[PDB]
Amino acid sequence: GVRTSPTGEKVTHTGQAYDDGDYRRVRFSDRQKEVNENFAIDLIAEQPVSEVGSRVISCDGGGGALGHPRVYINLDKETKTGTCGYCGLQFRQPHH
Amino acid sequence: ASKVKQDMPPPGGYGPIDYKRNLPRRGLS
Amino acid sequence: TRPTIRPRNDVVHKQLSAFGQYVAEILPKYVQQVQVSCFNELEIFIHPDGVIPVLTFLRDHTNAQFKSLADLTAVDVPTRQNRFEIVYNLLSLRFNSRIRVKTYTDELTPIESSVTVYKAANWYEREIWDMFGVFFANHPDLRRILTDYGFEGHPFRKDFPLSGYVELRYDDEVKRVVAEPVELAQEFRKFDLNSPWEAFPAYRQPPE
Amino acid sequence: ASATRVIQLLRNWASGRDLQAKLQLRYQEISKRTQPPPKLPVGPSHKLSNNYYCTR
Amino acid sequence: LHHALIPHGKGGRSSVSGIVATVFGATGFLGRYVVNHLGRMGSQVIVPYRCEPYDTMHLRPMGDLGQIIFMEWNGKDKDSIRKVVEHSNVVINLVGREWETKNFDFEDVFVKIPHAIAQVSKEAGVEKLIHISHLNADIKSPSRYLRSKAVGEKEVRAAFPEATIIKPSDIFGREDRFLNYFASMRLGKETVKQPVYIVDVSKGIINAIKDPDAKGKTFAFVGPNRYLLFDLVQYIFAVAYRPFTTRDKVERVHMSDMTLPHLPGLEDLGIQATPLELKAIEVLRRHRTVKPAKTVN
Amino acid sequence: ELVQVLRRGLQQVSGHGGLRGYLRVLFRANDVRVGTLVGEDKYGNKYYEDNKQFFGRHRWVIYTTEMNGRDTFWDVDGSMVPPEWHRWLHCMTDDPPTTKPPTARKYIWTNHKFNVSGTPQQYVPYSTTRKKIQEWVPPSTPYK
Amino acid sequence: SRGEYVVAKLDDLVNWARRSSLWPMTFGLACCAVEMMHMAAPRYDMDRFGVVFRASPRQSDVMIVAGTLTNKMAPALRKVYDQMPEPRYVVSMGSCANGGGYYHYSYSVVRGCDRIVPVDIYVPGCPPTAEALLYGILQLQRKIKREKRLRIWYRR
Amino acid sequence: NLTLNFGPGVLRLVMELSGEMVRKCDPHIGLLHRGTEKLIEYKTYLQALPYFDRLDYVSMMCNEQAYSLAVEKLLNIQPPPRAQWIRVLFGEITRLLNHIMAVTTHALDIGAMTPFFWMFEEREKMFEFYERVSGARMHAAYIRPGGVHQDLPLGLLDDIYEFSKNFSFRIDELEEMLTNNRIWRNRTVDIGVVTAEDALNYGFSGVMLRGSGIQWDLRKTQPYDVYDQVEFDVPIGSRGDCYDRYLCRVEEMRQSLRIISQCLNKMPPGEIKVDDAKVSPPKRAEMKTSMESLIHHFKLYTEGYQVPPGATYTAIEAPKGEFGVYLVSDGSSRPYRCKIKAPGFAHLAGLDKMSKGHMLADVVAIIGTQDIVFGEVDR
Amino acid sequence: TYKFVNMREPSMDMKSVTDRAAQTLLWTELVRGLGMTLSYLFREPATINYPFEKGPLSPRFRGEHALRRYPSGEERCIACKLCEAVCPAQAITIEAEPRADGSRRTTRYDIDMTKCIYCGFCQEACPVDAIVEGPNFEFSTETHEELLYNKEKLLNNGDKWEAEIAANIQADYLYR
Amino acid sequence: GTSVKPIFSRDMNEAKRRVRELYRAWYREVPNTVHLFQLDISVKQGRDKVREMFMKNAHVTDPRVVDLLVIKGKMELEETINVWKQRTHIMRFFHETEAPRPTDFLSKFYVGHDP
Amino acid sequence: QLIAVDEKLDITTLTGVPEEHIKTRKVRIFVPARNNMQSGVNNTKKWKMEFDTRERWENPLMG
Ligand SMILES: CCCCCCCCCCCCCCCCC[C@@H](O)O[C@H](CO[C@H](O)CCCCCCCCCCCCCCC)COP(=O)(O)OCC[N+](C)(C)C
Ligand SMILES: NC(=O)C1=CN([C@@H]2O[C@H](COP(=O)(O)OP(=O)(O)OC[C@H]3O[C@@H](n4cnc5c(N)ncnc54)[C@H](OP(=O)(O)O)[C@@H]3O)[C@@H](O)[C@H]2O)C=CC1
Ligand code: SF4
Ligand code: SF4
Ligand code: SF4
Ligand SMILES: [Zn+2]
């Protein structure tokens with residue numbers, strides 16, 4: 001989800017953009033500014049929350065040895081969902 | 001179930017490999 | 001001692017210990033210490049005045065005949081009063097053996113040149129002089145061998161900085177290569193890697 | 001190698017040996033670029049007991 | 001001062017000097033020295049070019065990575081001028097041709113292009129403008145060169161009141177058209193010349209950029225000694241060890257250099273002018289295969 | 001013998017669609033070998049194989065005459081091959097992307113791009129982090 | 001008009017001739033020179049492109065810097081570059097020549113050959129493969145094709 | 001008696017000649033001095049390994065092996081058997097690469113220049129072997145102080161066998177072009193003659209010894225890895241000149257083929273690095289499933305393993321002679337001192353005495369027969 | 001065991017001397033070398049037709065670097081700085097902070113390709129397969145600046161080459 | 001006390017004599033260096049630079065340091081005479097490209113934080 | 001055979017260090033303090049010499 005600066009530059013996923021008074025913008029004249037269009041935060045925000053009938057779930061990111069280190073997530077808190085510290089996937093117990 | 005599989009020589013080994021110098025004498029006195 | 005541990009050889013250990021005691025007995029004027037390491041390497045620590053005698057002995061004695069000079073180099077240890085240690089590695093083909101001879105010096109004490117014992121020493125000594133600033137007396141021609149012409153300092157010293165003091169570029173005003181004080185667009189990143197919790201109890205020093 | 005019989009004889013006679021027997025260009029006798037997966041055994045320290053690190 | 005433009009470092013290649021300079025005519029004689037001086041202290045240089053980039057290749061090693069930016073332009077268009085000077089805080093005009101071309105006569109080169117540069121720079125908020133004219137530029141000159149130089153100087157002053165005007169005499173250097181031109185001939189006694197070294201002019205431009213009080217001033221960059229033409233050419237031929245450009249150059253070289261004592265010079269910018277006797281060998285050694293000319297003070 | 005070689009030469013002339021295609025391929029790729037077509041690229045590249053040729057010459061690509069925006073009738077380069085055919089063409093695999101295609105991801109480029117150096121589309125480096133130190137802003141009203 | 005047409009055609013002819021016979025002199029400083037030699041080996045055969053093997057410095061068109069440039073070596077490289085007749089092109093091959101590489105933070109290494117000479121093509125890799133260097137050479141050919149010396153002269 | 005400065009792999013040579021004869025020849029080096037030994041002190045042992053690839057860049061895995069052996073000796077561990085067999089196999093392949101380069105470059109400098117292409121095709125095939133095992137064609141970084149980085153791919157041994165069974169004919173074509181040629185013999189026979197005692201005193205090693213009749217080879221007198229389990233012959237010269245050294249190098253190529261055949265037939269199964277996760281990194285699956293494996297991976301790739309304090313001098317029979325390392329450890333994860341011993345250093349130092357009373361055109365032959373690469377000489 | 005390379009003494013029999021004289025006067029071995037070159041002229045050359053034909057490579061090949069992501073599109077990098085710590089050339093520069101959703105992510109990930117030695121230590125140090133060395137090797141550049149990669153360039157390289165990268169990793173991960 | 005091994009000189013006078021010999025040799029060589037390298041400096045300023053480089057070390061009161069300095073200066077002279085240096089090495093003694101650095105307290109205050 | 005000189009040792013002129021990196025710097029000699037995040041004391045055994053911190057600035061390209 002890319003945005004645009006008030007000047008006209010694209011804003012990166014890190015939020016970078018030269019301000020109006022910055023001379024460094026001159027590096028982009030007659031050229032382009034390399035920006036990745038796929039924002040990881042928005043892409044991980046679209047994944048559905050998985051439902052599991054257990055208090056503790058395990059996540060390795062999918063693909064077994066091709067994922068991340070296997071971690072265990074506690075789902076006792078009903079206020080929020082459990083989130084993997086590597087992948088960003090979310091888990092919850094079936095409330096109601 | 002599955003057994004070990006890695007790069008190994010074939011059973012019976014490989015065929016002899018030539019290494020000696022071979023410069024034949026064409027032949028005329 | 002299962003398959004991951006390096007096997008040890010007691011026969012070679014005993015033989016090297018015996019030859020070390022033999023050498024020490026023959027030359028007590030110069031030998032200060034003899035050591036055999038656990039991987040069977042014999043080193044002899046000598047006084048600087050005995051560089052030419054000891055080496056000559058080890059080259060010419062019928063029971064040594066260390067005819068090959070494998071390597072000659074120096075090590076810089078700033079914490080010692082005598083800064084530099086000089087290491088000679090010798091190979092004997094008759095007895096299929098190796099030996100190491102160590103001596104020491106500082107920035108102002110000359111070391112005798114061993115080119116008369118081993119011709120191979122010549123360039124090695126030049127390299128030492130180039131990299132550590134150790135002067136060798138009676139060297140046939142001592143001068144720089146690795147550094148640039150007119151280079152100041154000795155870069156293998158510990159207090160010499162990694163990137164030096166000057167860098168080179170081409171200048172179009174004077175139409176030549178010029179040297180300027182060094183400026184790095186990215187400074188070298190110094191890492192603190194040593195952990196607390198000592199690794200090897202066998203090398204622990206007394207708490208003094 | 002797709003060389004004619006006359007050319008093969010000429011190159012063999014000029015070289016002084018049989019060249020078709022030992023060609024320096026590679027053909028279908030090399031291994032395939034897709035291979036089955038390996039299994040890759042484990043080492044001797046992969047025991048579940050009698051395997052204290054202080055002994056190795 | 002816009003924090004990204006605050007000076008940092010020790011004034012070296014990878015330092016930041018706080019100077020963003022657009023140098024028109026950087027591909028010529030004076031331009032290479034100006035760009036080298038700017039880039040050796042870590043300034044950001046924008047080079048407008050109309051020639052082949054191959055002819056600009058010699059300016060690449062003059063700065064650190066990213067510090068030299070080449071952009072295309074043409075003097076007849078104001079949009080290219082605008083996009084070239086948009087982000088600079090100092091603009092230098094070194095544009096000039098010593099002859100007349102079918103697409104650019106003296107009027108376009110010395111009047112219209114400098115006027116457009118000054119107007120666009122003033123519109124874009126450029127803080128400093130430096131313009132080069134000739135020492136002997138006057139309105140009533142018999143030559144169109146100096147006449148157009150004077151008209152362009154007036155129009156640059158009109159467009160940019162805070163512009164710094166630098167007027168120099170014949171410049172002698174390694175790639176000049178004074179000494180090399182006089183050595184390629186292989187009248188006098190009444191023409192007096194006052195030549196100035198190229199490095200002196202480059203340092204003068206740099207110090208004018210750095211001087212805060214040289215805003216609306218006009219400078220005259222001249223050498224230490226005044227020579228008669230005959231003895232100067234005799235000295236040039238002697239240094240080369242050898243026995244002793246259509247119409248405008250002849251008339252400009254036969255005319256005497258004016259004297260303007262009321263104008264500040266190189267010494268007001270903290271520069272000691274280098275005499276020709278120290279650099280004549282450097283310039284003329286390539287023309288080969290001590291008895292310096294008489295001077296009038 | 002000689003006659004069989006000449007017959008193969010004329011069959012090469014015929015297998016490129018006649019003299020027009022023969023001259024076209026001869027002047028574009030400096031080669032007139034005929035191989036079996038393995039696959040068609042979405043950008044126009046054609047892929048051929050001939051397992052009777054020796055290793056290294058048994059697979060080749062005839063480039064398209066027009067990629068994303070430029071005429072590539074004469075100006076072709078190795079970076080015009082998309083990654084799947086790039087894997088097949090460098091013999092990192094034995095299987096072309098026709099018999100087994102790559103796994104589909106929504107973040108994979110749907111349009112491949114070649115090397116855009118020396119072009120207004122070239123990459124320009126820049127810092128991606130925010131400003132570290134914030135300056136103090138004076139009040140807009142006078143003190144006296 | 002015809003005036004621009006003729007200069008365009010002549011410029012195209014001169015560019016074709018210049019890029020169809022590129023004679024390089026190779027500064028074989030370090031291990032990148034091995035891949036340079038592998039590019040001349042029969043598999044790649046640079047000679048088939050019109051690129052002769054080991055041209056003389058007085059008749060060379062492109063300088064290939066292949067290896068680490070030390071401070072002791074830089075004056076010689078500048079001297080050899082200054083000797084070459086125009087047009088001349090420089091190709092930087094390998095990390096050491098490109099920016100210093102593995103020896104970037106060394107007291108005796110020039111941090112990239114572009115401090116000494118202007119560079120036309122940068123070939124990445126430690127070392128670049130012979131195929132990557134061939135790609136760089138073909139890129140230099142396309143760059144030479146892009147240039148326009150007679151059209152600029154006519155317009156100026 | 002004039003002076004000539006033959007300057008700019010890259011070498012400067014200052015010589016005094018009287019007529020055609022060479023009276024004095026002083027090499028000036030340092031044009032490729034990169035400060036490798038000082039740079040190594042700022043790296044962990046693993047981080048320092050890839051510099052040995054660039055030391056003698058015609059024989060990469062041999063320098064890798066020498067450094068790995070030194071670190072292994074300091075660590076008091078040993079590689080698994082399969083790793084040792086792989087190491088010796090690739091060391092002999094590397095010897096083949098180096099000898100091809102040396103002989104064909106010698107011939108090209110003399111003026112032959114056809115065998116260069118003929119054998120660089122084979123060199124390209126062995127580069128393919130390097131790339132298939134490590135992903136890189138020359139700067140491989142494959143041999144580590146715990147064994148090797150990765151196991152061989154499933155079809156590599158078959159292709160190595162296929163290559164090695166046709167290489168003897170390529171050597172035979174080389175010999176047909178060079179061995180009995182009267183011009184080559186006149187360029188090489190009785191040129192650069194060195195006696196056995198002078199060679200010993202001047203620090204020569206390898207062929208520079210064996211050409212003079214000295215029966216010495218480090219793989220036979222001080223074997224490392226599995227060398228004592230393979231049989232081969234050591235070629236020995238008789239006149240100590242360039243021609244005998246060329247013959248010796250060709251014969252060592254043949255003996256390398258012999259050793260490679262043996263290595264192919266006796267390759268054993270098992271793991272390829274030491275089963276000691278405090279030295280060799282765990283497998284990726286173990287790293288991603290086990291706590292100890294993750295900790296040891298993290299620590300090995302950030303801090304590195306500590307080496308017990310001590311100093312070793314470890315030497316191997318590299319294709320150019322005795323290649324050695326004096327490695328000093330202070331107990332941390334970074335080496336305190338690393339001195340590299342390169343045989344070309346002593347050989348180039350002896351060039352002056354080897355070229356006494358010869359023509360100017362003979363100095364090129366002596367340089368070629370010394371087998372000099374300046375990456376290892378300058379470091 | 002040792003062998004003598006040159007230790008043969010020529011026969012003194014009239015026949016041997018006459019054969020050697022015939023060799024000297026008629027140049028027989030030179031003719032033999034000429035025949036070798038002639039035979040080599042008539043065999044097929046080893047040249048491939050670049051760029052229409054390519055050199056064979058392996059799935060292990062180290063080329064241009066890339067940053068990968070999970071199938072959900074979330075990036076794999078979690079800013080552990082292991083690749084930066086292990087890099088022998090100090091070619092990686094990393095800066096990180098908590099993201100707007102509290103995720104551990106990088107704000108700066110730079111690789112200087114003119115310092116990199118392409119050893120592949122970073123991809124073997126990575127615990128989540130984030131940084132990889134891809135298969136591309138044809139990325140020569142006309143300026144030094146375009147070889148200084150920032151995070152956007154590396155993410156774009158990953159999105160460009162993911163298909164081949166995933167196939168190669170699938171082919172080779174059982175050896176890692 | 002503090003007995004030390006000599007390098008070349010037993011006391012200060014022998015070291016001074018060696019210094020004078022080295023200075024004589026450099027002074028004799030300067031015009032040849034100026035002519036042979038085709039330098040743009042005069043013989044006068046070359047000899048002035050030689051004198052300045054000698055006076056830089058005029059505070060040394062230790063004979064071992066003095067004759068080590070003399071050994072280094074002889075090495076430099078041998079490098080210059082044999083034309084092992086290039087013009088760039090000779091010209092590096094003059095720093096003609098380095099910008100002047102003010103020793104004034106105010107100027108160093110203005111430029112940065114370096115004392 | 002022995003000079004028997006009596007003077008303080010000074011090798012400043014032999015080390016090749018530029019003049020302003022001798023009399024302008026200030027070195028610190030200290031035993032480094034234990035990292036408070038950990039309990040191990042093995043890094044508090046030896047003496048360290050370290051120089052005074054100087055200016056660090058931001059590269060205009062790449063930061
Ligand atoms: C008799 C009088 C002579 C006077 C002097 C004239 C000298 C001789 C003239 C003959 C020169 C021949 C030139 C023709 C060569 C063109 C080759 C053509 O095929 O190239 C193509 C087209 O290239 C250019 O676009 C063609 C421009 C060449 C000039 C066009 C017409 C100029 C003729 C005008 C002559 C008038 C001369 C007046 C002054 C004397 C693309 O090839 P290229 O891109 O490279 O390679 C890509 C590599 N691939 C194919 C393997 C992938
Ligand atoms: N004798 C002297 O040298 C002194 C110089 N003068 C003035 O000093 C200035 C610079 O001097 P100098 O360096 O010697 O002159 P040069 O001829 O060496 O270069 C002048 C610059 O202006 C550019 N230029 C010329 N014409 C045009 C045009 N029509 N459109 C765009 N750019 C153009 C040139 O670029 P390109 O090559 O691409 O055309 C060139 O880069 C000039 O204005 C000159 O008048 C002041 C006193 C005398
Ligand atoms: S760039 Fe890499 S491969 Fe080339 S010489 Fe330097 S270290 Fe070796
Ligand atoms: S490949 Fe090696 S040098 Fe390059 S970034 Fe990765 S670890 Fe660093
Ligand atoms: S790329 Fe991998 S190793 Fe590097 S910081 Fe990110 S997760 Fe860690
Ligand atoms: Zn997860």
Side-chain angles (χ1 to χ4, degrees), chain A residues 68 86, chain F residues 26-31 63 71-77, chain G residues 6 8-17 19-20 28-36 48-50 65-69 92-103 109 123-129 138 141-142 144-145, chain H residues 9 32 34 36 50-51 53-55 57 60 136-139 298 301-302 375, chain I residues 49-52 65-68 75-87 89 92 94 96 104-106 109 111 114-119 121-132 151 154:
Chain A
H68 63 73
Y86 293 87
Chain F
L26 167 67
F27 278 90
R28 275 193 89 236
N30 309 125
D31 207 321
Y63 290 101
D71 158 3
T72 69
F73 192 89
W74 301 117
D75 278 30
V76 293
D77 70 277
Chain G
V6 53
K9 287 295 136 312
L10 276 174
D11 230 12
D12 290 322
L13 174 75
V14 173
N15 287 347
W16 169 84
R19 82 192 140 88
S20 296
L29 301 169
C31 18
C32 289
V34 177
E35 295 277 45
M36 218 291 315
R48 86 182 181 82
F49 296 91
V65 191
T68 316
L69 183 59
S92 172
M93 161 197 194
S95 266
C96 313
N98 282 344
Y102 209 2
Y103 311 97
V109 174
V123 186
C126 195
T129 67
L138 298 194
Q141 273 181 352
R142 284 191 301 279
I144 291 175
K145 180 181 197 181
Chain H
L32 201 64
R34 278 103 114 235
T36 303
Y51 278 117
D53 271 302
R54 280 94 177 161
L55 288 180
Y57 45 78
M60 287 69 71
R137 279 158 47 100
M138 99 175 42
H139 293 333
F298 190 107
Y301 275 108
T302 51
Chain I
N49 186 12
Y50 186 79
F52 309 93
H65 295 72
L67 281 168
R68 305 184 55 229
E75 52 204 345
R76 291 174 174 260
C77 192
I78 49 68
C80 67
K81 305 202 148 106
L82 262 70
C83 59
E84 189 183 33
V86 83
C87 188
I92 315 175
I94 303 188
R104 189 187 162 117
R105 302 296 152 174
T106 45
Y109 194 103
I111 297 189
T114 62
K115 270 190 258 203
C116 175
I117 71 181
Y118 305 79
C119 59
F121 283 15
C122 44
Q123 77 181 342
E124 82 200 14
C126 197
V128 295
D129 303 15
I131 181 71
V132 302
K151 181 168 186 199
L154 288 157

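Values reported hereafter were calculated over all heavy atoms of this structure, with side chains retained and with hydrogens, waters and symmetry mates removed. Whatever order the structure lists them in is the order used to number ligands and atoms, beginning at 1. Just so we're on the same page: letters track the sequence lines, and every chain starts at 1.
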Inset, instruction - Please report which non-hydrogen protein atom sits nearest to atom 4 (Fe) of ligand 5, along with the residue it belongs to and the distance in Å to one decimal place. - result: I:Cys83 SG, 2.3 Å
Inset, instruction - Check whether any N or O atom of G:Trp16, backbone or side chain, sits under 3.5 Å from an N or O atom of ligand 1, and answer yes or no. - result: no
Inset, instruction - Taking all heavy atoms of I:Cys83 and all of I:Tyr109, pick out the closest pair and write down the distance. - result: SG-OH, 3.2 Å
Inset, instruction - Out of F:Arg28, G:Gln141, G:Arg19, G:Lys9, indicate the one that has the non-hydrogen atom closest to atom 50 (C) of ligand 1. - result: F:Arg28
Legend entry - Those atoms of ligand 3 less than 4.0 Å from some heavy atom in G:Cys32: 1 (S), 4 (Fe), 5 (S)
Legend entry - Whether G:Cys126 has an N, O or S atom under 2.8 Å from atom 6 (Fe) of ligand 3: no
Legend entry - Among I:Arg105, I:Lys81, I:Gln123, closest by any non-hydrogen atom to atom 5 (S) of ligand 5: I:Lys81
Inset, instruction - Could you tell me whether F:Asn30 approaches ligand 1 through its side chain, its backbone, both or neither, with non-hydrogen atoms closer than 4.0 Å? - result: side chain
Inset, instruction - Specify the protein heavy atom at minimum distance from atom 8 (Fe) of ligand 3: its residue, its atom name, and the distance to 0.1 Å. - result: G:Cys31 SG, 2.2 Å
Legend entry - Ligand-residue contact atoms, ligand 3 with G:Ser95, heavy atoms, under 4.0 Å: 1 (S)
Legend entry - Atoms in ligand 3 with a heavy atom of G:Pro127 nearer than 4.0 Å: 3 (S)
Legend entry - Under-4.0 Å heavy-atom contact between protein and atom 15 (C) of ligand 1: yes
Legend entry - Non-hydrogen atom of G:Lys145 closer than 4.0 Å to ligand 1: yes
Inset, instruction - Considering only non-hydrogen protein atoms, determine which one is nearest to atom 39 (C) of ligand 1 and report residue, atom name and distance to 0.1 Å. - result: G:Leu10 CD2, 3.7 Å
Inset, instruction - Could you tell me whether any N, O or S atom belonging to I:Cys126 is less than 2.8 Å from atom 2 (Fe) of ligand 5? - result: yes
Inset, instruction - Could you establish whether I:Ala125 and ligand 5 come within less than 4.0 Å of each other, counting only heavy atoms on the residue side? - result: no
Inset, instruction - Provide the number and element of each atom of ligand 3 under 4.0 Å from a heavy atom of G:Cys96. - result: 1 (S), 6 (Fe), 7 (S)
